[PDB]
Amino acid sequence: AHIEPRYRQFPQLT
Amino acid sequence: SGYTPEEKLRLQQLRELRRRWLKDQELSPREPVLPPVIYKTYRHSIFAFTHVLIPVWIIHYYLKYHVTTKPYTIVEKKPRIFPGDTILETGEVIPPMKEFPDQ
Amino acid sequence: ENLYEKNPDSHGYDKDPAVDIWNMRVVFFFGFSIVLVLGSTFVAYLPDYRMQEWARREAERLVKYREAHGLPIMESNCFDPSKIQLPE
Amino acid sequence: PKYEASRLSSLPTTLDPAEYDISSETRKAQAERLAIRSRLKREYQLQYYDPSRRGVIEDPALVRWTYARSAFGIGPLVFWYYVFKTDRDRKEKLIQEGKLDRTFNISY
Amino acid sequence: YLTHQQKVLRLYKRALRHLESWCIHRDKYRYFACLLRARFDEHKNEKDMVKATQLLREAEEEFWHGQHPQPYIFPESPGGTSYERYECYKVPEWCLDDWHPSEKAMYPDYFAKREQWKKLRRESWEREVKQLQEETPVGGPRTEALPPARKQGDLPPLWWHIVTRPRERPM
Amino acid sequence: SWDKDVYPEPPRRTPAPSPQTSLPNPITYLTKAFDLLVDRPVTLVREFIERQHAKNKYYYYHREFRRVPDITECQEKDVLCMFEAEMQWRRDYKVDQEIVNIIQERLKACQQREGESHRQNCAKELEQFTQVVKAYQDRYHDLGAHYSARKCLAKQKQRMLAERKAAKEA
Amino acid sequence: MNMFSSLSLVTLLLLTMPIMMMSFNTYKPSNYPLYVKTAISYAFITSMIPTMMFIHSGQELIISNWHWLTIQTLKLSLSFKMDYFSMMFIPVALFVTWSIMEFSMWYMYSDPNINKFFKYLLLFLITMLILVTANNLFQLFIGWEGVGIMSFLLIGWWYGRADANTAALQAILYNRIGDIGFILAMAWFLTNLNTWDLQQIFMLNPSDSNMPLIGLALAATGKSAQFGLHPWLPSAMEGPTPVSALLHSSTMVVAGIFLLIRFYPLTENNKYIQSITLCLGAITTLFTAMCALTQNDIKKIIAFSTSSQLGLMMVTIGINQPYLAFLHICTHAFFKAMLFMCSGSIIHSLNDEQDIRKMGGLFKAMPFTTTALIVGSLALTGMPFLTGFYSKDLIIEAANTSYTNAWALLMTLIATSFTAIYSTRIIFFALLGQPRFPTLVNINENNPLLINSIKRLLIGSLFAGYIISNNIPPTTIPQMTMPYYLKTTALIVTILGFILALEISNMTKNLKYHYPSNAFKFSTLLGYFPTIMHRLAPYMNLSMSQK
Amino acid sequence: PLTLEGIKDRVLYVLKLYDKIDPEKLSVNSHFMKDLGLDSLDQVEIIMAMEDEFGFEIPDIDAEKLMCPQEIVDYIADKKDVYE
Amino acid sequence: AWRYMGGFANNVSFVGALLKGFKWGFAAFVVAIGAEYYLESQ
Amino acid sequence: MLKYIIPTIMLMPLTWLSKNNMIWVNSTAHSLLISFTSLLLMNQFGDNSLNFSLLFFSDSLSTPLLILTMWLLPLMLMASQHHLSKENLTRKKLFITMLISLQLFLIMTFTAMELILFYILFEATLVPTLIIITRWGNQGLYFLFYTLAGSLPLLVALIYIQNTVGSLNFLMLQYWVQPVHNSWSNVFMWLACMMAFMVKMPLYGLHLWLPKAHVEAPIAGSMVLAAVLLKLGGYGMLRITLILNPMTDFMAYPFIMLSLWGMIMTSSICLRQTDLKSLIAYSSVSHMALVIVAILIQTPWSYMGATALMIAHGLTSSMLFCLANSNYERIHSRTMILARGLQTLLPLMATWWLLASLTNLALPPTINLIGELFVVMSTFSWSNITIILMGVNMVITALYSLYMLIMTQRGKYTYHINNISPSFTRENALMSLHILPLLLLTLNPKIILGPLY
Amino acid sequence: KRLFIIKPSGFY
């Protein structure tokens, strides 16, 4: 999984 | 409005069994025990040959020697003829239109 | 009773595994191999079922002949009126 | 604005005056209804959970339903008879005077 | 069937959810949600139970006028867009008994553990049935509540179809 | 391959290409690929097959039914004569169906062939279709599922009497 | 001719091969969905060659290869009409399906019946191409009813869910009511003409064509979800998102319009039928655009958007512009399919949340889905020079300057403004504002299957309308002279719609209580037609059936 | 993919953002009414906040009985088939 | 409060959403019409 | 026909002289061989029928019914051998003998050249049928009414016709038929010639014996009853209408109204049926009402449609009874709502349910659709208004066909039913032997279009 | 983690 989920935060982008 | 001690206890006992049951659904490392650009071009080449070339050979053979050998099976809309055109079959030249008014 | 309990390989035809296998074979061979495959081929090659292909050839012969002689393709009268005698 | 129920739109349970007017008699009726349902639930569960049971748990309520269920008139026939007879009389009359258009009609 | 308290709390939740559907934006919902709480806090200590019931009845009539025609529904809640979506994928566990032995032999460890559960089920059944008999008043149960296991080694009566129920995402 | 008189086609007139561009026409390069990759191997396979058919040449024939007396010449209840007249009438009925089919196919081919100018250029085919459909309708329409030469003859006589009556009226 | 005809048929045969090889013949379950996607990809290329030949010289063919049955004076043959409409639609349908299949490889990845899903999608496509290439009514009926059955199987994909089964049966019910008109047309043509072949129908060119065309209009009403038989299309959202993308773009819904386009040689001369189709289209486009203004389910908004666009196509039929109606079919397929895939991208990233009230704040979180959604919305609203402008803008000019029903013209212009409002609604509540979704953030769109499938449709929604409109031969005389207030009406009413929508969407952020008007409730509950009709008629029929 | 610890952390997290609770008396065993002195109206809002947190509905009949954070964790873990 | 902070804190307006990519699209357009008008002189 | 009669008779010695455990293998294998040879009857000519002898003949109408009849016997044997497994050997052999004797009467009934010979065999088919349904069934007024209002009047009319015309040979009647003139006595001759066939179709208003019969009958009884026995009424009417013209012009009106209205009524009833076998039985009444209409308006297109409908219905309706029987053999109940969501437990058998349902609602280009379409076209010429009734029936038929599929196959499975064992090879083979020939007939429909083709 | 998927027998 390239993108780990985030809690209450803006997501990770490529 | 909470659980009674009886209700609390039954849920705890069912919870313990349910979690053990769910853990037992995990597969062991050996399961299932089964019985005994070049690549990108090969699939496209094999797929093109088996799914385009072979069908088109079959279809072209079918149309040329069985369908077009019967009357009115493949009917063309006749080609459009415009002034100035030359007809291959007869060599006839189609005269140009008149001269237009200035516009 | 569940036929699978004693014969997990059962085809559903019989409790006896040997008879069960033979019942499956005759149904599949005579049913599919013979009747459906050979019957379908037989039907596919019936000799001009009900004369439809002959009628087409015959119509071409008549159309060609009648148009070559300026005769009507078809006439409203099925029978020649000279043979008919009206009443009154 | 007051809610107005209909055959296909039942009155909401929260707007039903009865659901707030509760009495010992009404509670007693509810308790009796729960006792009937609990007895049936226990009877069903003792069969449903039985390890050695394989088959269908026959429900007499379902059996009673299908047995009872498996146990205008000519007006439509008269009406259609006159629609088709009237239509076929008109069409037949036109055909006999040559008015009806059947120029290319050769399939029937 | 429901106490007066349970009806006041069920209206409170339902009113808040429909308010959420109107407001949409979280700051707007937070403002109006606090006003709604202040309305429930105005008559919290109403003693006269005739007055309290009248307050609840009017509250429910006001709710019906003000409800959203298309309230938000959680996707897997009844009437949601994912409700019963995965029911076609839930296969009962008894179906495994009918697998061909060649199918069973691909999962030896799993089907060995499955025998242990089946054994545990068989050996517990008589004691579960006996427990329910000696705790059930004459005339049958009055409610559907089931008891826990009271000894050590006993399993709570009628546990099989709860413990071995299909997963919510079985595939 | 088929009788050009029964299924006529007007002479074809394809205009010679007159390219007024410099970009190559992809359809000319796809035609050469088609001829090289699709047509030629297909032609070779067919030529092999036709060679085998040449080695073993045998014939089949178009059945010719001699004419037999019509139902008008049959005595009442004479089944032996009625049988042959009836069977002949059924053969003619089936042939007339295929005559209408031929004329319908002429009409349909003309419509597609003439394109946007079909309303004017298919007048002859439409006229011939209109006449044959009329003649077929006169012979066979309204006879019913239990049609026969007898019922066809009765229909003809009803029409003939009406025409005779209309001739007197004029 | 030999290459034109061979390639036309190999396009269809190529698509049946993955179905044929499902019978254990080197069938690789490994990646059957990829195999089916590749077949669509190659079918698109082979279908481009006949299309190019038609673009060049206007070459057109009828292939009647197989003689199936002769009923006295009625020959039935398997016959294919490779004409204008077939040559342009087939490449467009295959291009869109190619993207939807690649999207589905990512969207339906976890489904345990992924292979059966792609088989059904492929069957859906085959039955639709049978429909559009059919040269006789019986062959058309095969495709007509084939797409209906595949809709039932795909709408009810999640067959354990009672609402999925109800929606699937609803689609069959409404479509079969339209099929009454279809068989009415078949019966009339056989009896009055002597044919089911399109060539002989147009050659005889009957004048008293009221009955057959009413039947055809009824069939179009059900299949293209026009007013009266419309509720089934929004309910079809029960199906997985890829089904809606294919159902609403290049299959099913446009078959009703396509049927009327094929019979334009008859409707050209029937002003009574033109009036009926005009009025039916106008009420449909206005009514469904109104319903979309208050929907909260992102798939329902796009479903009502399709019905509104289908109504515009029906209007174009009623003003005697069958070729503009066809162009809208082709252009609409590109961006309507893209919008559904963008919605599925959002739905997937929010764990199957479909209510726009729980979205928001996605503009930066999903940059590629955002770009496609804005591009798709602008194409739909007729943004100059995007794919939608090359059909919608012409349709409005043609309607504005036609001898036409004035009320129908007005209802159509209002619906154009409504298109801007419910388009603004999706963008505002989905992309803008603040996140209103749960706290565990799983937003992720970095899947090559997702990006590539959407990307090809994004390119289509930019240039397809321009490319297509500059290659098709002219078959009418376009109206290009008109006053400035008729030339720019579509642009103005679309801009006013955006201005009006932004004002209303910005009012929702105010700290003021909100009460429902009768009009709001009317829009939210779809004008009450499903509620009254789907309870009354089932009750009346079922209650009399038992007794 | 939820885990028992992951659920427990998030349940307590949401309670630590509730102003009516002191995040020093808060443990997994704290009783909302006996230990934290909250109302039944407060408990309804706590359950609504859990429904928002995890994105699924807890029916009113079951909701009334969840009176400590551990009971909430157990309910969510049981619903989602979490076993470790 | 997480909904209004750090990453979600600022979102574009509706107009700002519409004009995404306008700056680079317009810069390319100016180059293209410059490149085309130059060839007109040639 | 002796090449078919005699081998069929030899099935009886074969069954009785077979080894104890081979009775199902021998009878099924050899009845399939007879079915194979039945394809030789497709030597049909454009003008003449195939006239074997003074007693038997075969035209394009009886040939497809003969082939359907001979195909059904092996299928009925497979459907029966599971629920007759516990029966003793002699009762097994007696059941098989009843099926063989029913085939013997049927093939002669469809080929009898003389109408009184047809009548005698036409009534003999009831002896094995009633024995089968009663002796192996699950659990008076109609026998009395049917004979009083059907069988007996038909016998008197046929005997009367022979005295007047001098013959009842069907070939002779084609050349000596005289018109039927209006008269009260001819009105009773018309009714006497048709009521026995209308009861057997059945005609709406005379149909309530059929749901009752199907509920009591074993699977083999339902298969032959639905596939062939109903079609004796259709076949009889297609023949006897030759000598009833032109009186059929007005005498048909009440029966056309009953069928056109009966179509919608029985289709609607299918929506509210709680028993699968009753639902299929009412579905047959609806389908057969189309055949009655087609026969009565007697046009070339209506006769081709009627023939296709009779064949198509035979396979489809028989397949549906076999599908419902496969559920009954597990849950031992006919109630439709009892066992739900079966597609989750029996995936392949759900495919058979779908295909059977699709043919039942007449999906093109199935011969179910071809036959139905031809009748719709012919009745539209008869009166344009009929299209409304025909169209509405198409809608309701799709509703109940898919309702049956959705109720039993879709939804959630019933929790307490845990004896749903996997489908046996016997059952899957049985279903494919209905649907494969049915779908193959789409490739060459002309052989089931009857003599009007 | 890999979990067992309960299915009906597909062998037959």
# chains A, B, ... in the order shown; residues from 1 in each chain; ligands from 1
$ select_by_dssp --residues "chain D" --states "alpha helix (DSSP H)" --output "count of residues only"
58
$ interface_residues --of "chain K" --to "chain C" --cutoff "12 Å" --atoms "only C-alpha atoms" --output "mmCIF file with N, CA, C and O atoms, in the first residue's frame"
data_model
loop_
_atom_site.group_PDB
_atom_site.id
_atom_site.type_symbol
_atom_site.label_atom_id
_atom_site.label_comp_id
_atom_site.auth_asym_id
_atom_site.auth_seq_id
_atom_site.Cartn_x
_atom_site.Cartn_y
_atom_site.Cartn_z
ATOM 1 N N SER K 9 -20.378 -26.107 -2.113
ATOM 2 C CA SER K 9 -19.529 -26.998 -2.887
ATOM 3 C C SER K 9 -19.621 -26.653 -4.363
ATOM 4 O O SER K 9 -20.714 -26.579 -4.929
ATOM 5 N N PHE K 11 -17.664 -28.446 -6.532
ATOM 6 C CA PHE K 11 -17.154 -29.623 -7.224
ATOM 7 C C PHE K 11 -18.201 -30.223 -8.152
ATOM 8 O O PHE K 11 -17.893 -30.602 -9.285
ATOM 9 N N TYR K 12 -19.445 -30.318 -7.691
ATOM 10 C CA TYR K 12 -20.459 -31.035 -8.452
ATOM 11 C C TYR K 12 -20.950 -30.231 -9.647
ATOM 12 O O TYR K 12 -21.216 -30.799 -10.708
#
$ closest_atom_pairs --of "chain D" --to "chain E" --cutoff "8 Å" --atoms "only C-alpha atoms" --output "Markdown table"
| residue | atom | partner | partner_atom | distance |
| --- | --- | --- | --- | --- |
| D:1 | CA | E:65 | CA | 7.5 |
| D:14 | CA | E:60 | CA | 6.3 |
| D:15 | CA | E:61 | CA | 6.4 |
| D:20 | CA | E:53 | CA | 7.1 |
| D:27 | CA | E:1 | CA | 7.5 |
| D:30 | CA | E:1 | CA | 7.0 |
| D:31 | CA | E:142 | CA | 7.7 |
| D:34 | CA | E:143 | CA | 6.4 |
| D:35 | CA | E:142 | CA | 4.4 |
| D:36 | CA | E:142 | CA | 7.8 |
| D:38 | CA | E:144 | CA | 5.2 |
| D:39 | CA | E:140 | CA | 5.6 |
| D:41 | CA | E:144 | CA | 7.3 |
| D:42 | CA | E:141 | CA | 7.6 |
| D:45 | CA | E:158 | CA | 7.6 |
| D:46 | CA | E:129 | CA | 7.8 |
| D:49 | CA | E:158 | CA | 6.3 |
| D:50 | CA | E:125 | CA | 7.4 |
| D:51 | CA | E:122 | CA | 6.3 |
$ write_last_selection --atoms "C-alpha atoms" --output "short mmCIF file (atom, residue, chain, number, x, y, z; two decimals), in the first residue's frame"
data_model
loop_
_atom_site.label_atom_id
_atom_site.label_comp_id
_atom_site.auth_asym_id
_atom_site.auth_seq_id
_atom_site.Cartn_x
_atom_site.Cartn_y
_atom_site.Cartn_z
CA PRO D 1 -50.89 20.48 8.82
CA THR D 14 -45.12 8.95 17.03
CA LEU D 15 -48.21 10.93 15.96
CA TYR D 20 -48.88 8.04 24.75
CA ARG D 27 -49.27 -2.77 29.49
CA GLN D 30 -48.30 -5.86 25.73
CA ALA D 31 -46.88 -8.29 28.30
CA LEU D 34 -44.50 -10.61 24.48
CA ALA D 35 -45.15 -13.86 26.35
CA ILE D 36 -46.78 -15.38 23.26
CA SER D 38 -41.25 -15.54 23.59
CA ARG D 39 -42.87 -18.97 23.78
CA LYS D 41 -39.21 -18.01 19.88
CA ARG D 42 -38.13 -20.64 22.40
CA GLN D 45 -34.82 -21.92 18.78
CA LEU D 46 -34.77 -25.36 20.40
CA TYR D 49 -30.06 -24.78 17.36
CA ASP D 50 -30.32 -28.57 17.57
CA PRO D 51 -27.01 -30.04 16.30
#
$ closest_residue --among "J:384, J:174, J:432, J:27" --to "chain G" --atoms "only C-alpha atoms"
J:384
$ interface_residues --of "chain G" --to "chain B" --cutoff "6 Å" --atoms "only C-alpha atoms" --output "number ranges by chain"
G: 6, 60-65
$ write_last_selection --atoms "C-alpha atoms" --output "PDB file, in the first residue's frame"
ATOM      1  CA  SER G   6     -14.874  -7.791 -43.348  1.00  0.00           C
ATOM      2  CA  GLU G  60     -22.216   2.688 -46.727  1.00  0.00           C
ATOM      3  CA  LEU G  61     -23.131  -1.004 -46.733  1.00  0.00           C
ATOM      4  CA  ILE G  62     -25.895  -3.468 -45.980  1.00  0.00           C
ATOM      5  CA  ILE G  63     -24.645  -6.961 -45.131  1.00  0.00           C
ATOM      6  CA  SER G  64     -27.410  -9.591 -45.255  1.00  0.00           C
ATOM      7  CA  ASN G  65     -25.126 -12.561 -44.779  1.00  0.00           C
TER       8      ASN G  65
END
$ interface_residues --of "chain H" --to "chain B" --cutoff "8 Å" --atoms "only C-alpha atoms" --output "list in words"
residues 64, 65, 66, 67, 78, 81, 82, 83 and 84 of chain H
$ write_last_selection --atoms "C-alpha atoms" --output "short mmCIF file (atom, residue, chain, number, x, y, z; two decimals), in the first residue's frame"
data_model
loop_
_atom_site.label_atom_id
_atom_site.label_comp_id
_atom_site.auth_asym_id
_atom_site.auth_seq_id
_atom_site.Cartn_x
_atom_site.Cartn_y
_atom_site.Cartn_z
CA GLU H 64 -28.92 2.79 25.72
CA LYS H 65 -26.84 -0.01 27.21
CA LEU H 66 -23.37 1.36 26.35
CA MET H 67 -22.40 3.15 29.56
CA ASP H 78 -18.26 -7.26 17.75
CA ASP H 81 -15.67 -8.78 13.32
CA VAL H 82 -12.52 -7.53 15.04
CA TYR H 83 -10.78 -10.18 17.12
CA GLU H 84 -7.36 -8.74 18.03
#
$ residues_around --residues "residue F:17" --least-positions-apart "5" --cutoff "10 Å" --atoms "only C-alpha atoms" --output "PyMOL selection string"
chain B and resi 85-88
$ write_last_selection --atoms "N, CA, C and O atoms" --output "short mmCIF file (atom, residue, chain, number, x, y, z; two decimals), in the first residue's frame"
data_model
loop_
_atom_site.label_atom_id
_atom_site.label_comp_id
_atom_site.auth_asym_id
_atom_site.auth_seq_id
_atom_site.Cartn_x
_atom_site.Cartn_y
_atom_site.Cartn_z
N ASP B 85 -15.42 14.79 -62.01
CA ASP B 85 -14.90 13.47 -61.70
C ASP B 85 -14.69 12.65 -62.97
O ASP B 85 -15.29 12.89 -64.01
N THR B 86 -13.80 11.66 -62.86
CA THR B 86 -13.54 10.71 -63.93
C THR B 86 -13.92 9.32 -63.45
O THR B 86 -13.51 8.90 -62.36
N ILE B 87 -14.68 8.60 -64.27
CA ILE B 87 -15.16 7.27 -63.92
C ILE B 87 -14.16 6.24 -64.40
O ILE B 87 -13.77 6.23 -65.58
N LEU B 88 -13.72 5.36 -63.50
CA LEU B 88 -12.74 4.35 -63.86
C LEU B 88 -13.30 3.36 -64.88
O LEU B 88 -12.62 3.02 -65.85
#
$ atom_distance --atom1 "atom CA of residue C:59" --atom2 "atom CA of residue F:102"
7.9 Å
$ atom_distance --atom1 "atom CA of residue G:527" --atom2 "atom CA of residue G:291"
7.4 Å
$ residues_around --residues "residue G:122" --least-positions-apart "2" --cutoff "10 Å" --atoms "only C-alpha atoms" --output "ChimeraX atom specification"
/G:15-16,18-19,36-37,39-40,97,101,116-120,124-128,150
$ interface_residues --of "chain I" --to "chain A" --cutoff "7 Å" --atoms "only C-alpha atoms" --output "list in words"
residues 2, 7 and 8 of chain I
$ interface_residues --of "chain G" --to "chain F" --cutoff "6 Å" --atoms "only C-alpha atoms" --output "number ranges by chain"
G: 72-73, 199-200
$ residues_around --residues "residue J:139" --least-positions-apart "4" --cutoff "10 Å" --atoms "only C-alpha atoms" --output "ChimeraX atom specification"
/J:133-135,215-217
$ write_last_selection --atoms "N, CA, C and O atoms" --output "PDB file, in the first residue's frame"
ATOM      1  N   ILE J 133     -51.412 -40.276 -12.033  1.00  0.00           N
ATOM      2  CA  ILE J 133     -51.616 -39.173 -11.103  1.00  0.00           C
ATOM      3  C   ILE J 133     -52.225 -39.660  -9.797  1.00  0.00           C
ATOM      4  O   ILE J 133     -51.952 -39.097  -8.733  1.00  0.00           O
ATOM      5  N   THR J 134     -53.065 -40.689  -9.844  1.00  0.00           N
ATOM      6  CA  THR J 134     -53.723 -41.154  -8.630  1.00  0.00           C
ATOM      7  C   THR J 134     -52.842 -42.124  -7.854  1.00  0.00           C
ATOM      8  O   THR J 134     -52.656 -41.970  -6.643  1.00  0.00           O
ATOM      9  N   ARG J 135     -52.294 -43.131  -8.531  1.00  0.00           N
ATOM     10  CA  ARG J 135     -51.547 -44.164  -7.828  1.00  0.00           C
ATOM     11  C   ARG J 135     -50.241 -43.628  -7.258  1.00  0.00           C
ATOM     12  O   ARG J 135     -49.782 -44.112  -6.219  1.00  0.00           O
ATOM     13  N   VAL J 215     -51.058 -30.009  -8.857  1.00  0.00           N
ATOM     14  CA  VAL J 215     -50.705 -30.045  -7.444  1.00  0.00           C
ATOM     15  C   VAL J 215     -50.638 -31.482  -6.944  1.00  0.00           C
ATOM     16  O   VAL J 215     -49.806 -31.818  -6.095  1.00  0.00           O
ATOM     17  N   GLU J 216     -51.504 -32.350  -7.456  1.00  0.00           N
ATOM     18  CA  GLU J 216     -51.543 -33.740  -7.026  1.00  0.00           C
ATOM     19  C   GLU J 216     -50.585 -34.641  -7.789  1.00  0.00           C
ATOM     20  O   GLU J 216     -50.205 -35.692  -7.266  1.00  0.00           O
ATOM     21  N   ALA J 217     -50.193 -34.272  -8.989  1.00  0.00           N
ATOM     22  CA  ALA J 217     -49.491 -35.202  -9.853  1.00  0.00           C
ATOM     23  C   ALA J 217     -48.031 -35.361  -9.435  1.00  0.00           C
ATOM     24  O   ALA J 217     -47.431 -34.433  -8.891  1.00  0.00           O
TER      25      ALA J 217
END
$ residues_around --residues "stretch 16-32 of chain H" --least-positions-apart "4" --cutoff "10 Å" --atoms "only C-alpha atoms" --output "list in words"
residues 2 of chain B; 8, 9, 10, 11, 12, 36, 37, 38, 39, 40, 42, 43, 45, 46, 49, 66, 67, 68, 69, 70, 71, 72 and 73 of chain H; 1 of chain I
$ write_last_selection --atoms "N, CA, C and O atoms" --output "tab-separated table (two decimals), in the first residue's frame"
chain	number	residue	atom	x	y	z
B	2	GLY	N	-28.30	0.55	31.47
B	2	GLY	CA	-27.17	-0.25	31.05
B	2	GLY	C	-27.45	-1.74	31.05
B	2	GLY	O	-28.58	-2.16	31.28
H	8	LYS	N	-10.02	1.14	20.64
H	8	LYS	CA	-9.98	1.72	21.98
H	8	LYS	C	-9.38	3.11	21.95
H	8	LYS	O	-9.89	4.02	22.62
H	9	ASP	N	-8.31	3.31	21.18
H	9	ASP	CA	-7.69	4.63	21.12
H	9	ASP	C	-8.66	5.66	20.56
H	9	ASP	O	-8.75	6.78	21.08
H	10	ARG	N	-9.39	5.31	19.51
H	10	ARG	CA	-10.29	6.26	18.88
H	10	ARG	C	-11.50	6.56	19.75
H	10	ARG	O	-11.99	7.69	19.77
H	11	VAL	N	-12.01	5.56	20.47
H	11	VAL	CA	-13.15	5.80	21.36
H	11	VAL	C	-12.76	6.78	22.46
H	11	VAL	O	-13.50	7.72	22.75
H	12	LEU	N	-11.60	6.56	23.08
H	12	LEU	CA	-11.14	7.47	24.12
H	12	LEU	C	-10.81	8.84	23.55
H	12	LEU	O	-11.08	9.87	24.18
H	36	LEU	N	-18.50	9.62	35.80
H	36	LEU	CA	-18.28	10.88	35.12
H	36	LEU	C	-19.42	11.86	35.29
H	36	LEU	O	-19.31	13.01	34.85
H	37	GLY	N	-20.52	11.45	35.92
H	37	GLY	CA	-21.59	12.37	36.23
H	37	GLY	C	-22.23	13.02	35.02
H	37	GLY	O	-22.44	14.23	35.01
H	38	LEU	N	-22.53	12.23	34.00
H	38	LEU	CA	-23.15	12.74	32.79
H	38	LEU	C	-24.63	12.37	32.75
H	38	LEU	O	-25.09	11.46	33.43
H	39	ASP	N	-25.36	13.11	31.93
H	39	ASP	CA	-26.79	12.93	31.76
H	39	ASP	C	-27.09	11.83	30.76
H	39	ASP	O	-26.19	11.35	30.08
H	40	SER	N	-28.35	11.45	30.65
H	40	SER	CA	-28.75	10.49	29.64
H	40	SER	C	-28.85	11.21	28.31
H	40	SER	O	-28.69	10.58	27.24
H	42	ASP	N	-26.65	13.51	27.63
H	42	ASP	CA	-25.23	13.52	27.28
H	42	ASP	C	-24.82	12.19	26.66
H	42	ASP	O	-24.05	12.17	25.70
H	43	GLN	N	-25.32	11.08	27.20
H	43	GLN	CA	-24.94	9.78	26.67
H	43	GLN	C	-25.45	9.58	25.25
H	43	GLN	O	-24.79	8.91	24.46
H	45	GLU	N	-25.60	11.90	22.99
H	45	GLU	CA	-24.65	12.62	22.15
H	45	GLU	C	-23.32	11.89	22.04
H	45	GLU	O	-22.68	11.94	20.99
H	46	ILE	N	-22.89	11.23	23.11
H	46	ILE	CA	-21.67	10.43	23.04
H	46	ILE	C	-21.83	9.32	22.02
H	46	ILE	O	-20.92	9.03	21.24
H	49	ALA	N	-21.69	10.67	18.60
H	49	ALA	CA	-20.31	10.98	18.24
H	49	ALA	C	-19.53	9.74	17.85
H	49	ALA	O	-18.62	9.82	17.02
H	66	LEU	N	-24.80	1.09	26.38
H	66	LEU	CA	-23.37	1.36	26.35
H	66	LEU	C	-23.08	2.51	27.30
H	66	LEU	O	-23.29	3.68	26.97
H	67	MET	N	-22.58	2.18	28.49
H	67	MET	CA	-22.40	3.15	29.56
H	67	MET	C	-20.96	3.33	30.00
H	67	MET	O	-20.72	4.05	30.97
H	68	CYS	N	-20.00	2.69	29.34
H	68	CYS	CA	-18.59	2.91	29.60
H	68	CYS	C	-17.85	2.80	28.28
H	68	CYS	O	-18.36	2.21	27.32
H	69	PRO	N	-16.65	3.38	28.19
H	69	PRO	CA	-15.90	3.27	26.94
H	69	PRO	C	-15.61	1.84	26.52
H	69	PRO	O	-15.60	1.54	25.33
H	70	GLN	N	-15.38	0.94	27.48
H	70	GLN	CA	-15.11	-0.45	27.13
H	70	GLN	C	-16.32	-1.10	26.48
H	70	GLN	O	-16.17	-1.90	25.55
H	71	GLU	N	-17.52	-0.78	26.95
H	71	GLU	CA	-18.72	-1.31	26.33
H	71	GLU	C	-18.85	-0.84	24.89
H	71	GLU	O	-19.31	-1.58	24.02
H	72	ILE	N	-18.48	0.42	24.62
H	72	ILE	CA	-18.48	0.91	23.25
H	72	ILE	C	-17.46	0.15	22.41
H	72	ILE	O	-17.75	-0.25	21.28
H	73	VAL	N	-16.26	-0.05	22.95
H	73	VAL	CA	-15.23	-0.78	22.21
H	73	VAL	C	-15.72	-2.18	21.88
H	73	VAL	O	-15.55	-2.65	20.75
I	1	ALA	N	-12.96	20.31	15.13
I	1	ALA	CA	-12.00	21.35	14.77
I	1	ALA	C	-11.01	20.88	13.71
I	1	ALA	O	-10.46	21.71	12.98
$ residues_around --residues "stretch 141-149 of chain G" --least-positions-apart "5" --cutoff "8 Å" --atoms "only C-alpha atoms" --output "JSON, numbers by chain"
{"G": [124, 127, 128, 129, 130, 131, 171, 172, 175, 251, 252, 255], "J": [363, 364, 365]}
